[PDB]
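Asks:
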Amino acid sequence: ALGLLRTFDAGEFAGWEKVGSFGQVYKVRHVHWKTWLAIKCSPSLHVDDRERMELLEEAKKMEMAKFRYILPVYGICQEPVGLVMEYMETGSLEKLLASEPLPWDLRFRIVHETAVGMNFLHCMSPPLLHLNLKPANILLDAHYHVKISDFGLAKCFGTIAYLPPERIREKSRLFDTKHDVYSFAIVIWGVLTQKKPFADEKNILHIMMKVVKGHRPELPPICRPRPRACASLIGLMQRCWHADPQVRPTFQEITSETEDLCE
Ligand SMILES: Nc1nc(N)c2nc(-c3cccc(O)c3)c(-c3cccc(O)c3)nc2n1
Ligand SMILES: [Cl-]
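Using the deposited numbering, the letters of the sequence shown map in sequence onto residues 10 to 30, 33 to 167, 182 to 288.
See below:
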């Protein structure tokens, strides 16, 4: 896994441009390869042996999940300590949802492509859990196709919204596939609304308390352009955010339904 990865000297890169932030992300130009890449440097000034090894586990987990809808990783840079990744021109879904009103055919495809990627992770032996899925992680290429990113919290802030209610109920609960299914439901909410969940609210703790009983983000209305598929996606979202995690569908089932929304 970590053998096909490379080590990058900072001399190999050029024209650094900040893009995200967590740790800052930079669009760099590999000079000898004549192509662009992304690199994520650590926030700290000193990088201890936990960081260096943690970054390596993130890279290994990315290479293991080589797939169409997963972000490719090339190696780890040493000069500044950071992860050398594929550059996605269109950037994050978060930025795209803020940017402008999106057509529904796209929205449904972004949802489906994300779902296919997540399904792939869960299909591994053993399953790879993402445990961090949010529109900031969901990255889009020049032609608006998804690649899932940020395996920093994977397993073999304003982010309370993506946290499952069972995680608030029980201190130190065992992580599962149904964690990702919940977060994915909140992503769907983001696509249907182009809003951030609980954006306007007074306080975190009140909403996090109400979530443990049943209070989820307010349902969007049925859209005019694609009212049949919208209603269907909304349905799926609701099943994906159920309080009882055994009621939530598997990504095998989810992909099966999101595919029909693209037909
Ligand atoms: N254009 C572009 N290209 C990228 N390759 C890119 N990569 C990331 C990223 C960050 C950490 C880990 C990781 O596996 C990917 C982010 C990123 C993800 C989450 C939060 C954040 O601040 C930045 N944004 C990006 N944007
Ligand atoms: Cl429709």
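All C-beta atoms in this analysis are idealised placements derived from N, C-alpha and C, irrespective of residue type, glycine included.
1. Using CA coordinates, which residue listed in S197, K166 and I229 is at the minimum distance from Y187?
2. Between which two residues does the beta strand (DSSP E) harbouring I159 extend?
3. By the 10 Å Cβ neighbour count, where 16 or more other Cβ atoms means buried, how is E243 classified, buried or exposed?
4. Less than 8 Å between the beta carbons of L286 and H123, yes or no?
5. Just checking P252 against ligand 2 - is the residue's beta carbon closer than 7 Å to any of the ligand's heavy atoms?
6. Could you check the C-alpha separation between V58 and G20 for me, to the nearest Å?
7. Within the chosen definition, does the region 244-262 reach the region 187-206 through at least 3 CB pairs nearer than 8 Å?
8. Please give me, in chain order, every unbroken run of the alpha helix (DSSP H) with length at least 4 that falls completely inside the region 202-237.
9. Taking the CB atoms as reference points, tell me whether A210 and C265 lie closer together than 8 Å.
10. Considering only their Cβ atoms, is the gap separating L150 from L82 smaller than 8 Å?
11. Alpha carbon to alpha carbon, what distance is there between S30 and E288?
12. Excluding the 5 residues preceding and the 5 following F162 in the sequence, name in chain order all residues of the same chain whose CB lies nearer than 6 Å to its CB.
13. Short of 8 Å in beta carbon distance, which residues of its chain neighbour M262, apart from the five on each side in sequence? Order them along the chain.
14. Would you kindly check if the distance between the Cβ of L94 and the Cβ of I50 is under 8 Å?
15. For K106, tell me which candidate among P146, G128 and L140 has the shortest Cα-Cα distance.
16. Could you give the residue range of the beta strand (DSSP E) that holds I185?
17. Measuring straight from C-alpha to C-alpha, what distance separates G12 and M75?
18. DSSP three-state label for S197, please.
19. Taking 7 Å as the line, does the beta carbon of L142 fall inside it for any heavy atom of ligand 1?
20. DSSP state of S103, grouped into three classes?
21. Near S103, what residues of its chain come up, given a Cβ to Cβ distance below 8 Å and the 5 sequence neighbours on each side ignored?
22. Going by DSSP, name the residue or residues bridged to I149.
23. Take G24 and list the residues in its own chain whose beta-carbon comes closer than 6 Å to its own, dropping the five residues that flank it on each side.
24. Is it buried or exposed for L117, if we count other Cβ within 10 angstroms and need 16 for buried?
25. With DSSP as the reference, please indicate the residues paired to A19 in a beta bridge.
26. Taking only the alpha-carbon atoms, compute the straight-line gap between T46 and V127 and give it to the nearest angstrom.
Replies: In this structure, then:
1. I229
2. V157 to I159
3. Counting of Cβ neighbours within 10 angstroms places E243 among the exposed residues, the total staying below 16.
4. Inclusion of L286 and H123 in the CB contact set at 8 Å is warranted, their separation being smaller than that value.
5. yes
6. 20 Å
7. no
8. 202-218
9. yes
10. yes
11. So the alpha carbons of these two residues sit roughly 37 Å apart.
12. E69, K72 and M73
13. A210, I213, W214 and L217
14. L94 sits close to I50, with the two beta carbons spaced by under 8 Å.
15. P146
16. Per DSSP, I185 belongs to no beta strand (DSSP E) and is neither H nor E.
17. 12 Å
18. coil
19. no
20. strand
21. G29, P146, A147, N148, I149, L150 and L151
22. Answer is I159, bridged to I149.
23. Within its own chain, the residues whose Cβ lies closer than 6 Å to the Cβ of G24, once the five positions on either side in sequence are excluded, are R40, listed in chain order.
24. exposed
25. For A19, which the question treats as bridged, DSSP gives no partner whatsoever.
26. About 28 Å.
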